[PDB]
Amino acid sequence: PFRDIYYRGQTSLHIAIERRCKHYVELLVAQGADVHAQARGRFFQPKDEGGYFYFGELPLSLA
Amino acid sequence: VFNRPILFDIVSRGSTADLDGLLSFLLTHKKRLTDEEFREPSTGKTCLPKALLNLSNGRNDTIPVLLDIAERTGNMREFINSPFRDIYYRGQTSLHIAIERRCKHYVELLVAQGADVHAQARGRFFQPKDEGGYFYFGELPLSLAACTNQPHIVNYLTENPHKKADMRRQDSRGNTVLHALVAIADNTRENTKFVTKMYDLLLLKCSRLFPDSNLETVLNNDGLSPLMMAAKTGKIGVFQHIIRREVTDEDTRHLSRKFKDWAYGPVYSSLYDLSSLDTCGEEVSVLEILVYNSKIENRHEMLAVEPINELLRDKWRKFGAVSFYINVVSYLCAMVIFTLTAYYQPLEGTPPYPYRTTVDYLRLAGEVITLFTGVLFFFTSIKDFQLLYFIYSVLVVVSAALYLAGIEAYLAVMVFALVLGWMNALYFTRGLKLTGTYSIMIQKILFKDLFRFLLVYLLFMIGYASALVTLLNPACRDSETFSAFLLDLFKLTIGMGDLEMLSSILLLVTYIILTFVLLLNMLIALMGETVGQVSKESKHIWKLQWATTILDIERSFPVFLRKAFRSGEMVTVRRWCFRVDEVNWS
């Protein structure tokens, strides 16, 4: 659970899925990664709300 | 031999038996191979030039055996180099010629034998196309190998086991290989591609050889720098690649102009390195050259390169809008104060110091504001389009001087100042409300209309007048000769009609018809030409005026005040970087 106003809630699972590799996603989730992650970061808000990339703030929506 | 031309023919034809017999009697007569006999009286061409110009499909493998004659002749140093004397060819050397013919074997032979790779061929034929020449390549053998799309020989000459012309070396023009490579750079696709590829190769090689200072830094006598030279001479083909230069090798990281800091999937925050597009008034920058110069042929597209356009937009949003609005509003309010002071100008003339009333005090305050703005404008003009501004400043100064003299009948200069300033008002308003078609309009029709009108109008007027005064020694007049009434009559005709004459002679009506139709169709043609030219200003002209306004504002207030573009890191990535955000789904 990050704390930056520039990155709030970003989780390792989001990052792993983002890098476009499924093996580490499988490892993390099998280990028990919280797939219900609400990454409510300013950088995650739509481009017209001061953010840079909005994807639904969910690991599945991010994939 | 007995005459040089037969020797020249023999060397051109590549014969050897007669040729080594020639060598034989040259040994017999103890004559140097560089004697006046072997050099033309005017051009001084040696055997080597003529032999190489006659290159037969690269089959000159024998004439090096001819060159072997040289050490037997005892004059080897001066023999290789060929300092021509023609004004049409000054300094051209055999090495230049050999490299030009697009063959590396003879270049290798010559250089290994000790060819002077530091050759400054300062020939008129070698000067740029706009200085009476025909081909400029930097006046250096290495720059000549480069400009002529010859990668292998620029590699070799920089890697030969002998003297290897250092890339850093500057010609008389000071250009160096980079400046020369951008000099012949064309905006066309093939020239652009080959020039940019070789430019990369060259800079990377020089960096590897000289990590201390990348070749970009070294300027010319003009001092522009390669990028600024590609900018000043409308070289978009190179420019657009110069801006976005990013390379791979770790030792070649510093020599890049577009880093990539972070990415989050489909979003890329590309960090352009505009370390030279804004010097904060220290030195010249690509923005100043690009916007404050008209010799550029590709301004509009050269203002579309990513960092320049985004940097203009950033300078606008951050500081351009506020300063521009303050400036325009202050100008309008101060000149409205001037106008009201003129309207409330003290009555009954004779204003020595007629202010003993509260409204009089307000008028004096307005006049003081007018004088303050006029003198400040004069200061800006002298410190510094500017034509009309200076005219306004001087007119305000003169009007103030005359008013302080307490003399009458000299408010006319004040009114002139007012009208000129409000004419400058449209120039300043060009930037407001996304306007500016009006400036284009003023610089489009103004001169043509007055030219044609004045001419044909006064002309048919005098033609009319000759016959009119022929009829009358009454209607147009009472007595005496004055073309003024005829001018008034023609104004009545063109604008008013209901024209009257003494006559109640037909060629007069012909004059009227011709002038009327000519003026009407002139207006039609002006409309057509204006609509053709503007084409909605191609959606670009206003952008150029906008950039002009932004840069003018930025230069106006001092830059030591910390109003600058984005900043960045300290080392290995102290480059005053700027950021840009773009999303791509590839």
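Numbers in chain B come straight from Swiss-Prot, and the residues shown are 148-531, 549-637, 658-688, 696-764, 774-786, in order.
When the header is checked for method, it gives electron microscopy, 4.0 Å.
Each Cβ is built from the backbone N, Cα and C atoms, and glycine gets one as well.
Features of the protein shown, as given by Swiss-Prot:
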{"type": "BINDING", "residues": "B:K192, B:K197, B:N201, B:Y236, B:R237, B:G238, B:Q239, B:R248", "note": "ATP binding site"}
{"type": "REPEAT", "residues": "B:237-266", "note": "repeat 'ANK 1'"}
{"type": "MOD_RES", "residues": "B:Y253", "note": "phosphotyrosine"}
{"type": "REPEAT", "residues": "B:369-398", "note": "repeat 'ANK 3'"}
{"type": "TRANSMEM", "residues": "B:470-490", "note": "transmembrane segment"}
{"type": "TRANSMEM", "residues": "B:573-593", "note": "transmembrane segment"}
{"type": "TOPO_DOM", "residues": "B:594-608", "note": "topological domain 'Cytoplasmic'"}
{"type": "TRANSMEM", "residues": "B:609-636", "note": "transmembrane segment"}
{"type": "INTRAMEM", "residues": "B:666-685", "note": "intramembrane segment"}
{"type": "MOTIF", "residues": "B:679-682", "note": "motif 'Selectivity filter'"}
Secondary structure at B:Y253 (phosphotyrosine), reduced by DSSP to three states: helix
B:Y253 (phosphotyrosine) versus B:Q239 (ATP binding site) - Cα distance in angstrom: 17
Distance from B:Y253 (phosphotyrosine) back to B:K197 (ATP binding site), taken between C-alpha atoms, in Å: 14
Pairwise CA distance, B:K192 (ATP binding site) versus B:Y253 (phosphotyrosine), rounded so that it is a whole Å: 19
Close in space, distant in sequence - B:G238 (ATP binding site), Cβ under 8 Å, 6 or more apart: B:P230, B:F231, B:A266, B:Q267, B:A268, B:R269, B:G270, B:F273, B:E286
Positions on the same chain near the repeat 'ANK 1' (B:237-266), where near means CB under 8 A and six or more residues out: 193, 195-196, 199-200, 202, 205, 207-208, 211, 214, 223-224, 227-231, 273, 286-289, 291-292, 295, 297, 299-300, 303-304, 307-312, 316
Assigned conformation of B:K197 (ATP binding site) - DSSP reduced to three states: helix
Largest tally of Cβ atoms lying within 10 Å of a Cβ, found at which of the binding-site residues B:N201, B:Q239: B:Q239
The topological domain 'Cytoplasmic' (B:594-608): DSSP-derived helix, strand, coil residue counts: 11 helix, 0 strand, 4 coil
Beyond the flanks of the intramembrane segment (B:666-685) by at least 6 residues, Cβ under 8 Å: 621-622, 624-626, 628-629, 632, 659-660, 696, 699, 703, 706-707, 710
